[PDB]
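Read through the structure below, which is laid out as C-alpha cells, and then see the notes.
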Amino acid sequence: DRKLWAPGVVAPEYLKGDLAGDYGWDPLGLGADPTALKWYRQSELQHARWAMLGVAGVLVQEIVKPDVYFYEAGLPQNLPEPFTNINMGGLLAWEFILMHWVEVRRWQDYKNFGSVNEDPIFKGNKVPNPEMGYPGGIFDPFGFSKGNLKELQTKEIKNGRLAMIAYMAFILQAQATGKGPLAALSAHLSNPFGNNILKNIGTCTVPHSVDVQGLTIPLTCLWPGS
Amino acid sequence: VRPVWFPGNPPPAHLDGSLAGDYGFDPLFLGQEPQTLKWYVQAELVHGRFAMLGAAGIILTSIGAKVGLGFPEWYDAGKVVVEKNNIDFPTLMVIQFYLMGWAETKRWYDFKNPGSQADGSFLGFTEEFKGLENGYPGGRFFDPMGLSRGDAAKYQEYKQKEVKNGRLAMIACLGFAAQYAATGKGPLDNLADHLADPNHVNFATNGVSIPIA
Amino acid sequence: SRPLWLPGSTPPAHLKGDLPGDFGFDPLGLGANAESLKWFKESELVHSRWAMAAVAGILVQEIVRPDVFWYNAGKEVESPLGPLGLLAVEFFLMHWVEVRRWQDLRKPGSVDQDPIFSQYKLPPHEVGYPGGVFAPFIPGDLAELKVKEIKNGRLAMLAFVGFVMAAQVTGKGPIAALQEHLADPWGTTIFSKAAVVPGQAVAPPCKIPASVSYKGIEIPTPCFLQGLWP
Ligand code: CLA
Ligand code: CLA
Ligand code: CLA
Ligand code: CLA
Ligand SMILES: CC(/C=C/C=C(C)/C=C/[C@@]12O[C@]1(C)C[C@@H](O)CC2(C)C)=C\C=C\C=C(C)\C=C\C=C(C)\C=C\[C@@]12O[C@]1(C)C[C@@H](O)CC2(C)C
Ligand SMILES: CC(/C=C/C=C(C)/C=C/[C@@]12O[C@]1(C)C[C@@H](O)CC2(C)C)=C\C=C\C=C(C)\C=C\C=C(C)\C=C\[C@@]12O[C@]1(C)C[C@@H](O)CC2(C)C
Ligand SMILES: CC1=C[C@H](O)CC(C)(C)[C@H]1/C=C/C(C)=C/C=C/C(C)=C/C=C/C=C(C)/C=C/C=C(C)/C=C/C1=C(C)C[C@H](O)CC1(C)C
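These protein sequences, in sequence, are chains 5, 7 and 6. Numbered according to the entry's author numbering, the first sequence spans residues 48 to 273. Numbered according to the entry's author numbering, the second sequence spans residues 29 to 241. Numbered according to the entry's author numbering, the third sequence spans residues 89 to 318.
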C-alpha cells in the first residue's frame, strides 16, 4: 500500500492495501461506500483494459499504415478492403447484440458473484473465477496467472492507468492539431517550439458534422475554440 | 436521517417520513394542520395524476408531429378537433363537467367520509370504491393488475415512483406553457433547436426570459 | 435450482416454480395478487394459442399462396357469404365459446356438461386445460407438453408481433422478409433502415396505405405506432 501518491498524505481508512494499485488516493471520497468501491473497481478495470486496447490500436494502426487517420478511421470510406462503404447500421447491429451478451454476463458476475461461471449452452467446463473482474480459466489460455497473482494484478493497473491518460492524450493531440500521436511526435521532434502545447490549445480541427450515409454527428472537441 | 430537499436543514415537525415523495419541503408550513395535509396529499396526487397524463399527452402528439404526420401542436389541438369533427364546443365541455363532476364528488366524499361510497349506493358495486388510503383507492377497477396487494414492500416503492414521475410531470406541464409563451412554437421544436446548437438556442437567448438581452 | 430467465438472478417471492413455464420473469410485480395471477395465467395461455395458430396461419398461407399478402388478405378474400354475415357468425359463435371459457375461469366446477347431449361430460380438469375431448392421444408426460405449449407459445407471440412490424416496415410477408435478410443481411436490418442521432430522426416510411376502399365505406389502415418508430 505504501509509497503513496504524495509524501505527507495520510491514506484513507478504506484503502488499507487490499486492492491492487492502492496508493491512499481518492481525494473525492468515492470509495467510502464499500458497495460502491467494488463497482468503481470494476469500472476501473474496464477503463483500463479498453484503453490498453485503445493505445495498442492507435499506435499500431499507423505503423501498419500511416495513411488512415484514427480519428476518421470509423468512417466507412476509410474501412479496409472487404469493408469499404459497409452499411454502418448493419455493423452496429452485430456489435450491439454481441456486446449486450458479453457485458450482461459480466454484469451478472458483479451482481451475483458465483452463479455466472458456466458455459450455459455446453454444461461442461466452468470458468474458475478467483475474484471479481478477473475471470481466468478460458480467459487465461497461456496460464500466466496462478503465480504471484498480486504482482501481475498491480502490473495490469499501472500499465492500464498510464494507457488511460495516454489514450486521452491520443485524442487531445488529435483534436488540437489534426495529427496522429507518432505523427505529432514527429511534429514535436522537428521543431520543438512551434509545435508544442502552446499555439495548438484553442484550435479544434474537427468540423461540426461528418455525414455518415445520411446521418449527422455533433462531433465536439473537449474544449471550445476554433 | 432521511434525504431532505435541502441538506443540513431538518424536516419540519409535521412531516415525518411516511408519505411517498416526502422530502421535508414545506417552507411555508402549509401542511402544519394534520387534516389539511390529508387534503394536500390528495391534491398533490391528482395534480400529478393529471400532469402525468398531460405531459405524456403533449409529448406523444409532438413526437408524431415534425416527423411528417398530420398532427396538430398541443396549443392548436383544441381548435382543430372542434373544427374537423363538427363538435359543438359548449356541449363538449358540459359533458366533461357531468362525467367528471360525478367522478370528483365521489372523491370529495371520500375525503369527508373514507368509509363511505361503499354501501351499495351506486349500481351494486360496494368494495370497488372502498378506498385503501388517501389518494390511493385501489380495488378491482382502479387497480386491475392488483399491484397494491400481494407484496406491500414493492407497493411502497411504486408509491414513491408515482410521486417522483408526478412531480416532474407538473414541472413539465409548467414548462410546456413556458416554452410556448416565450418562444412561440411546439415543445419538441424547442428540444430540437436546443439539440441543433446547445449554445445560444437556450432560454437565455430569447429576450423574453431575461430582459437584459 | 430451476433454470431462470437470467441465470445469476433470483426469482421474486411470488414465483416459486409451481406453474408451467415459470422461469421467474416478472420484474413489474404483476404476479403478486393471487386473485389476478389466475387471470394472467389464463390470459397468457389464450394469447399464446391464438398466436401459435396465427403464426402457423401466416406461414402456411405464405408457402401455398405467394399471390396475396396476409396483412391485406382480410380485405381481398371475396367470400360469397357476405362481409357481415361472416362477422355475425363469428360474433355469436365466439360469444358462446369465450363465455363458456370465462365461466370456467370464475367457477371451475360449473362448466363440465354438454348441455344438449347430457350423456356426455368433460372430466374434472385443471383451469385453462380442458382435456377429455380437446385432448386425445397425448404424447408422453403431460407436464412436459405443458411447458412445450408455452415455450412454443411465447416464441409465437413474439413471432406475430415480428410479423406485424415487418409487415409495416418492409410490407412483405415473413419469408419475403426472410429472403430480404438472407440475400443481404448487412443492409436489411432495422438498425440499417433506421437510426436516431441527437439532432435528426431517420425512420422508415410505411409500406402500408393509410386507408382502403373495401366495398363502399372506407376503412382506416394505420401503421401501428408510426411516428414513434425509430
Ligand atoms: C474512469 C477511470 C477510473 C476509475 C473508475 C477509477 C477508480 C478507482 N481508482 Mg483510479 N485512476 C485512474 C482512473 C480510474 N480510477 C487514472 C487514469 C489514474 C491515474 C492518474 C488513477 C489513479 C489512481 C490511484 C493512484 C488510486 C486510484 C484508486 C481508485 C479507487 C478508489 C477511488 C474511487 O473511489 O474513485 C472512483 C472513481 C470514479 C467514479 C471516477 C470518476 C471520474 C470523475 C467523475 C471525473 C474524472 C476527472 C477528470 C475528467 C479526469 C481527467 C483527466 C485527464 C488527464 C484525462 C477506484 C476503484 C485508488 C485505489 O487503487 O484504491 C483501490 C488509488 O490509490 N486510482
Ligand atoms: C400542484 C400542487 C401541489 C400540491 C398541492 C402539493 C402538495 C404537497 N407537497 Mg408538493 N410539489 C409540487 C406540487 C404540489 N404539491 C410540485 C410541482 C413539486 C415539484 C417542485 C413538488 C415538490 C414537493 C416536495 C419536494 C415535497 C412536497 C411536499 C408536499 C406536501 C406538503 C407541502 C404542502 O402543504 O403543500 C402545499 C401546497 C400548496 C398549497 C399548493 C402550491 C400552490 C402555491 C400556493 C402557488 C404558488 C406556487 C409557486 C410559487 C408558483 C409557481 C408557478 C407560477 C410561476 C405560476 C403536500 C402534500 C412535501 C411532502 O410532504 O412530500 C409529500 C415535500 O417534501 N412537494
Ligand atoms: C421538466 C424540466 C424541463 C426540461 C427538461 C426543459 C427543457 C428545455 N427547456 Mg424548459 N422550462 C421548464 C422545465 C423544463 N424545460 C420550466 C418548469 C420552465 C418554467 C420556469 C421552463 C422554461 C423554459 C423557457 C422559457 C425556455 C425553456 C427552454 C428549454 C430547452 C432548452 C434548455 C433551456 O433553455 O433551459 C431552460 C431551463 C430551465 C428553465 C430550468 C430547467 C427546469 C428547472 C430545474 C425547474 C425545476 C423546478 C425547481 C427544481 C424548483 C423550483 C423552485 C420553486 C418551487 C421555489 C429545453 C429543451 C428554452 C427553449 O425553448 O429552447 C429553445 C426556452 O426558451 N424552458
Ligand atoms: C406446439 C404447441 C402446443 C403444445 C405442445 C400443446 C400441448 C398441450 N395442449 Mg395445446 N394448444 C395449442 C398448441 C399446443 N398445445 C394451440 C395452438 C391451441 C389452440 C388450438 C391449443 C389448444 C389446447 C386445448 C383446448 C387443450 C390443449 C391441451 C394440451 C395438452 C394435451 C394435448 C396434447 O397432447 O397436445 C400435444 C400437442 C402437440 C403434439 C402439437 C402437435 C402440433 C402438430 C405438429 C401440428 C402443428 C402444425 C399445424 C399446421 C397446426 C394447425 C392445426 C389445425 C389448426 C389445422 C398439452 C399440454 C389440453 C389440455 O391441456 O387439457 C389437459 C386441452 O384441453 N391445448
Ligand atoms: C476506456 C478508454 C478508451 C478506450 C478506447 C478504445 C477502445 C479505442 C478504440 C479506438 O482507438 C482505436 C483503437 C482505433 C480508432 O480508429 C477507433 C477507436 C474505437 C476510436 C479510455 C478511458 C480513459 C479513462 C480515463 C482517462 C479516466 C481518467 C479518470 C481520472 C484521472 C479520474 C480520477 C479521479 O476520479 C478518481 C479516479 C478518484 C477521485 O478521488 C479523484 C479523481 C481525480 C476525480
Ligand atoms: C407546476 C405545478 C405546481 C407547482 C407548485 C409548487 C412548485 C408549489 C410548491 C410549494 O407548495 C409547496 C410544495 C410547499 C410550500 O410550503 C412552498 C411552495 C413553494 C409554495 C403544477 C402543475 C400542474 C400541471 C398540470 C396539472 C397540467 C395538466 C395538463 C394537462 C391535463 C394538459 C392537457 C393538454 O395538453 C394536452 C394533454 C393536449 C392539449 O392539446 C390539450 C390540453 C388540455 C392543453
Ligand atoms: C391440442 C391438441 C390436442 C390433441 O390431443 C392432439 C392435437 C390435435 C395434436 C393437439 C393440437 C395441437 C396443435 C394444433 C398444435 C399447434 C401448435 C402450433 C401451431 C404451434 C406454432 C408455434 C409457432 C411458433 C413457435 C413460431 C415461431 C416463429 C418464428 C420464430 C418466426 C420467425 C420469423 C419472423 C418473426 C419474421 C421473419 O420474417 C422470418 C421468420 C423467421 C419466419
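The beta carbon of each residue, even a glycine, is placed where N, CA and C say it ideally should be.
Less than 8 Å between the CB atoms is what I'm expecting for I204 (chain 5) and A67 (chain 5), so what's the real figure, rounded?
Indexing the first sequence from 1 puts residue 204 (chain 5) at position 157. Indexing the first sequence from 1 puts residue 67 (chain 5) at position 20. 6 Å between Cβ atoms; contact.
In whole angstroms, give me the CA-to-CA distance for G98 (chain 7) and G92 (chain 7).
Position 70 of the second sequence, counting from 1, holds the residue named residue 98 (chain 7). Position 64 of the second sequence, counting from 1, holds the residue named residue 92 (chain 7). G98 (chain 7) and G92 (chain 7): Cα-Cα distance of roughly 8 Å.
Closest to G136 (chain 5) by C-alpha separation, out of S299 (chain 6), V185 (chain 6), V285 (chain 6) and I278 (chain 6), would be which residue?
To locate residue 136 (chain 5), count along the first sequence from 1; it is residue 89. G136 (chain 5) has its Cα closest to that of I278 (chain 6), out of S299 (chain 6), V185 (chain 6), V285 (chain 6) and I278 (chain 6).
Looking at C-alpha atoms only, which residue of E109 (chain 5), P113 (chain 5) and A234 (chain 5) is the closest neighbour of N247 (chain 5)?
Reading the first sequence from its first residue, position 200 is the one you call residue 247 (chain 5). Per the Cα distances, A234 (chain 5).
Taking the CB atoms as reference points, tell me whether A120 (chain 6) and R168 (chain 7) lie closer together than 8 Å.
In the third sequence, counting from the first residue as 1, residue 120 (chain 6) sits at position 32. In the second sequence, counting from the first residue as 1, residue 168 (chain 7) sits at position 140. No, they are not a contact pair.
For a cutoff of 8 Å on Cβ pairs, would you count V163 (chain 5) as touching chain 6?
Residue numbering aside, residue 163 (chain 5) sits at position 116 when the first sequence is read from its first letter. Yes, because at least one Cβ of chain 6 sits closer than 8 Å to the Cβ of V163 (chain 5).
Nearest by alpha-carbon distance to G163 (chain 7): which of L65 (chain 7), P31 (chain 7), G212 (chain 7) and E61 (chain 7) is it?
Residue mapping note: residue 163 (chain 7) aligns to position 135 of the second sequence, counting from 1. Answer by Cα proximity: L65 (chain 7).
Is it the case that the CB of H228 (chain 7) approaches a heavy atom of ligand 1 more closely than 7 Å?
For the purposes of this step, residue 228 (chain 7) is identified with residue 200 of the second sequence, where counting begins at 1. No, the Cβ of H228 (chain 7) stays beyond 7 Å of every heavy atom of ligand 1.
Residues of chain 5 with a CB under 9 Å from the CB of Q267 (chain 6): which are they?
Within the third sequence, numbered from 1, the residue matching residue 267 (chain 6) stands at position 179. Simply none; closest approach about 17 Å.
Just checking: is the beta-carbon of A140 (chain 5) within a distance shorter than 8 Å of some beta-carbon in chain 6?
As a working mapping, residue 140 (chain 5) is identified with position 93 in the first sequence. Answer yes: the Cβ-Cβ gap between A140 (chain 5) and chain 6 drops below 8 Å somewhere.
Mind checking who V290 (chain 6) pairs with in its DSSP beta bridge?
Here residue 290 (chain 6) is taken as the residue at index 202 of the third sequence, counted from 1. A283 (chain 6).
If the cut is a Cβ gap below 9 Å, which residues of chain 6 does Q124 (chain 5) touch?
Here residue 124 (chain 5) is taken as the residue at index 77 of the first sequence, counted from 1. The premise fails here: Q124 (chain 5) is roughly 16 Å from chain 6 at the closest Cβ pair, so nothing lies under 9 Å.
Counting only C-beta atoms, is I91 (chain 7) closer than 8 Å to chain 6 at any point?
Here residue 91 (chain 7) corresponds to residue number 63 of the second sequence, with the count starting at 1. Yes, its Cβ sits closer than 8 Å to a Cβ of chain 6.
Note down the Cα distance separating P182 (chain 5) from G64 (chain 5), rounded to an integer number of angstroms.
By one-based count along the first sequence, residue 182 (chain 5) stands at place 135. By one-based count along the first sequence, residue 64 (chain 5) stands at place 17. C-alpha separation (whole angstroms): 21 Å.
Counting only beta-carbon atoms, is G121 (chain 5) nearer than 8 Å to chain 6?
Taking the first sequence and counting its residues from 1, the one referred to as residue 121 (chain 5) is at position 74. Closer than 8 Å: no.
Are there any heavy atoms of ligand 5 lying less than 7 Å away from the beta-carbon of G121 (chain 5), as far as the coordinates show?
Here residue 121 (chain 5) is taken as the residue at index 74 of the first sequence, counted from 1. Because some heavy atom of ligand 5 lies under 7 Å away, the Cβ of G121 (chain 5) counts as near it: yes.
Which class does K173 (chain 5) belong to by DSSP, given the choice of helix, strand or coil?
For the purposes of this step, residue 173 (chain 5) is taken as the residue at position 126 of the first sequence. Looking at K173 (chain 5) - three-state DSSP - the assignment turns out to be strand.
So, helix, strand or coil for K303 (chain 6), using DSSP?
Here residue 303 (chain 6) refers to the residue found at position 215 of the third sequence. DSSP places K303 (chain 6) in coil when its eight states are reduced to three.
Counting Cβ pairs closer than 8 Å, one from the segment 211-226 of chain 5 and one from the segment 78-90 of chain 5, do we hit at least three?
Judged by Cβ distances under 8 Å, the segment 211-226 of chain 5 makes no contact with the segment 78-90 of chain 5, as fewer than three pairs qualify.
Taking 7 Å as the cut-off, is the CB of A231 (chain 6) close to at least one heavy atom of ligand 7?
Indexing the third sequence from 1 puts residue 231 (chain 6) at position 143. False, no ligand heavy atom lies under 7 Å from that Cβ.
Within the same chain, show all residues whose beta-carbon is closer than 8 Å to that of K303 (chain 6), passing over the 5 residues directly before and after it, in chain order.
Along the third sequence, one-based indexing puts residue 303 (chain 6) at 215. If we look at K303 (chain 6) and ignore the five residues flanking it on each side, its Cβ neighbours are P171.
Could you pull out every residue in the same chain whose Cβ sits closer than 7 Å to the Cβ of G249 (chain 5), ignoring the five residues on either side in sequence?
What you label residue 249 (chain 5) is simply residue 202 of the first sequence in a count that begins at 1. Excluding sequence neighbours, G249 (chain 5) sits near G272.
Between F130 (chain 5) and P123 (chain 5), what straight-line distance do the alpha-carbon atoms span, to the nearest angstrom?
Within the first sequence, residue 130 (chain 5) is the residue found at index 83, counting from 1. Within the first sequence, residue 123 (chain 5) is the residue found at index 76, counting from 1. For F130 (chain 5) and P123 (chain 5), the distance between alpha carbons rounds to 8 Å.
Could you tell me whether any non-hydrogen atom of ligand 4 is closer than 7 Å to the CB of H213 (chain 6)?
As a first step, residue 213 (chain 6) is located in the third sequence; it is residue number 125 there, counting from the start. For ligand 4, at least one heavy atom lies less than 7 Å from the Cβ of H213 (chain 6).
Quick check: the Cα distance between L147 (chain 6) and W158 (chain 6), rounded to an integer number of angstroms?
The residue given as residue 147 (chain 6) occupies position 59 in the third sequence. The residue given as residue 158 (chain 6) occupies position 70 in the third sequence. Approximately 10 Å, taken between the alpha carbons.
Output yes or no for whether 8 Å exceeds the beta carbon distance between residue 328 (chain 6) and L223 (chain 7).
As displayed, chain 6 neither begins before 89 nor continues past 318, which places residue 328 (chain 6) out of reach and without an answer.
So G194 (chain 7) and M121 (chain 7) are in contact, right, with Cβ under 8 Å, and what is the actual spacing, rounded?
For this step, residue 194 (chain 7) is matched to residue 166 along the second sequence. For this step, residue 121 (chain 7) is matched to residue 93 along the second sequence. Between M121 (chain 7) and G194 (chain 7) the Cβ distance is about 26 Å, and since that is not below 8 Å, they are no contact.
With 16 as the cutoff for other CB atoms within 10 Å, does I307 (chain 6) come out buried or exposed?
Along the third sequence, one-based indexing puts residue 307 (chain 6) at 219. Exposed.
Rounding to the nearest angstrom, what Cα-Cα distance links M182 (chain 6) and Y126 (chain 7) in this structure?
In the third sequence, counting from the first residue as 1, residue 182 (chain 6) sits at position 94. In the second sequence, counting from the first residue as 1, residue 126 (chain 7) sits at position 98. Cα to Cα, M182 (chain 6) sits roughly 36 Å from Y126 (chain 7).
Kindly provide the ranges of any alpha helix (DSSP H) runs that are 4 or more residues long and lie completely inside the segment 127-203 of chain 7, ordered along the chain.
The qualifying runs are 167-170.
Should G101 (chain 5) be counted as a contact of ligand 3 given a C-beta to heavy atom distance under 7 Å?
To locate residue 101 (chain 5), count along the first sequence from 1; it is residue 54. No, Cβ of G101 (chain 5) sits at least 7 Å from all heavy atoms of ligand 3.
Does the beta-carbon of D114 (chain 5) have 16 or more other beta-carbons within 10 angstroms, so that it is buried, or is it exposed?
Walking along the first sequence from the start, residue 114 (chain 5) turns up at place 67. Classification of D114 (chain 5): exposed, given that the 10 Å Cβ count is below 16.
Smallest Cα separation from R153 (chain 6): which of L246 (chain 6), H102 (chain 6), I263 (chain 6) and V215 (chain 6)?
Looking up residue 153 (chain 6) in the third sequence gives position 65. Comparing Cα positions, the closest option is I263 (chain 6).
Where does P228 (chain 5) fall in DSSP's three states?
Reading the first sequence from its first residue, position 181 is the one you call residue 228 (chain 5). It is helical.
Let's test the definition: count the other Cβ atoms within 10 Å of the Cβ of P165 (chain 7) and tell me whether it reaches 16, buried, or not, exposed.
For this step, residue 165 (chain 7) is matched to residue 137 along the second sequence. Result: buried.
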